[PDB]
Amino acid sequence: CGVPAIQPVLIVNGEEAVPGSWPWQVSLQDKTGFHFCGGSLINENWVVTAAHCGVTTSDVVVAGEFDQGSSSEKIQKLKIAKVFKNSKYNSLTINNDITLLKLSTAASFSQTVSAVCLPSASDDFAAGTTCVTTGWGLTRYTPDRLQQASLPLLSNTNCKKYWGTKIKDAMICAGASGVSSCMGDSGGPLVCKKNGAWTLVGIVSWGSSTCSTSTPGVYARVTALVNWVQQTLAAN
């Protein structure tokens, strides 16, 4: 996991990514083909996304896509068998914002489709560390081509200076650096390189209503949720 066959070369104020360089990135589209959320492949049969994305079994998971306006890309449209919304998810506070999607049809891994790594519950990602987030969300307050942006992680204590008590333990902040995740990026990945491999540290969750690049974005903290992910995959 976490090692793209096509190496990446380094959302408001982001940049266009190298085609296929973020192989675990998927697009969640409704039956009309409308992109509404991002997601990350963790293996051939499961996708991790945000619980607030409100995915249903009528929605479709699209893997291997780069330019949503192109008809010549060999993409994979995968049906969803079951939606596992974390029972700890609190829609009022948006805490524990994670949902697992069990695919009815397994994804076919290739040079452009593969899995991201999950961290250990005890893994530490220090404030100041520069990570990357990707998605097809608005670039100005959606773009056809996949965007990317590097941004720093903040500590929860420092994040509270911005969001106060809205910041919970199962959340992690990043940004306030000139870039920002925005509507349509939700459910997508916030990855950091650890020991040579890209690890899923956060899931785009919420933030500034205007996608302000001076305010930090809030992501679901994967280290606080990985135990649930492990339990779910094991029992299903």
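Cut-offs applied
Residues numbered from 1 in each chain as written, not as in the entry; some residues may be left out. Heavy atoms only, no water. UniProt positions renumbered as here; feature names shortened; annotations may be inferred. Disulfide = S-S within 2.5 Å. Helix = DSSP H or I, 4+ residues; strand = E, 2+ residues; numbered from the N terminus. Buried < 20%, exposed > 50% of the residue type's maximum accessible area, 1.4 Å probe, protein only. Core = buried A, V, L, I, M, F, W, Y, C linked by side-chain atoms within 4.5 Å. Domains from an automatic or database assignment. Contact = heavy atoms within 4.5 Å. Polar contact = N/O pair within 3.5 Å; in protein donor to acceptor, adjacent residues only side chain to side chain.

Method of determination, as given in the entry header: X-ray crystallography; reported resolution: 1.8 Å.

The name the PDB entry gives the chain is CHYMOTRYPSINOGEN A, with Bos taurus as the organism. In the PDB, the title recorded for this entry is "Crystal Structure of Gamma-Chymotrypsin in Complex with 7-Hydroxycoumarin". Recorded under Subcellular location, the UniProt text for the chain is reproduced unchanged: "Secreted, Extracellular space". Within the UniProt record for the chain, the comment given under Sequence similarities is "Belongs to the peptidase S1 family."

A. Fine view of the UniProt feature "disulfide bond" in the chain. The UniProt disulfide joining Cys-1 and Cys-117 is present here, with an S-S separation of 2.0 Å. For the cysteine pair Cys-37 and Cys-53, annotated in UniProt as disulfide-linked, the sulfur atoms lie 2.0 Å apart, consistent with the bond being present. Of this pair, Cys-37 sits in strand β3 (residues 35–41) while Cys-53 sits in the loop between β4 (46–49) and β5 (60–63), and the two are 16 residues apart along the sequence. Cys-53 carries the same exposure label as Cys-37, and that label is buried.

B. Broad picture of the nonpolar core. Within the largest apolar cluster, 40 residues are counted, with the highest numbers of intra-cluster contacts made by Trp-22, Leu-41, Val-61, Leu-100 and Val-191. Elements supplying a minimum of two residues to this core: β2 (25–29), β3, β4, β5, β6 (76–85), β7 (99–103), β12 (197–206) and α2 (226–235). Three or more residues apiece are contributed to this core by two domains, here domain 1 (13–22 + 116–223) and domain 2 (23–115 + 224–234). Sequence-distant contacts of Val-61, that is, excluding residues within four places in its chain, are made with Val-26, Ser-27, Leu-28, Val-47, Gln-76, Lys-77, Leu-78, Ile-80, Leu-101 and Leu-103. Counting residues in hydrophobic clusters, the runner-up holds 14 residues, among them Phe-125, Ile-172, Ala-174 and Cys-192.

C. Structural view of the UniProt feature "active site" in the chain. What UniProt calls "active site" maps, in this numbering, to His-52, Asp-97 and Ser-186. Its place among the elements puts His-52 in the loop between β4 and β5. With relative accessibility at 33%, the residue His-52 sits in the partly exposed group. In this structure, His-52 is in contact with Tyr-89, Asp-97, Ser-186, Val-204 and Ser-205, ignoring residues within four places of it in sequence. At a separation of 2.6 Å, a polar atom in the side chain of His-52 contacts the side chain of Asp-97. Here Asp-97 lies in the loop between β6 and β7. Looking at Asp-97, the relative accessible area reads 0%, which means it is buried. The residues touching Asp-97, leaving out its near neighbours within four places in the chain, are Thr-49, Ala-50, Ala-51, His-52, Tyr-89, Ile-203, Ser-205 and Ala-220.

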